[PDB]
């Protein structure tokens, strides 16, 4: 079950960024964002995931203030976690 503040499929920004809480149900291959092969991309290896926000599999994303994403998710702003 998702937290009460999970990003939902109906969120305008989630729709624009093609977020899904499950990267295996995402269009990461179509987008071909740079930095890793697409099949390797998900929130846990993204620069915007906030490891100090949330609990467990439900962590912050800087692009979704006040909400939580799933570490196993993906969106089209995926960017390699570089620091």
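Numbering follows the first chain given and starts at 1.
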* To do: Tell me, lowest, middle or highest third: where does the Cα B factor of residue 31 rank within its chain?
  => middle
* To do: Would you check the entry's CA temperature factor for residue 6 and let me know if it's in the chain's lowest, middle or highest third?
  => highest
* Structure fact -> Quick tally, chain-level thirds of C-alpha B-factors: residue 53 sits in the highest
* Relative C-alpha B-factor of residue 18, binned into the chain's lowest, middle or highest third -> lowest
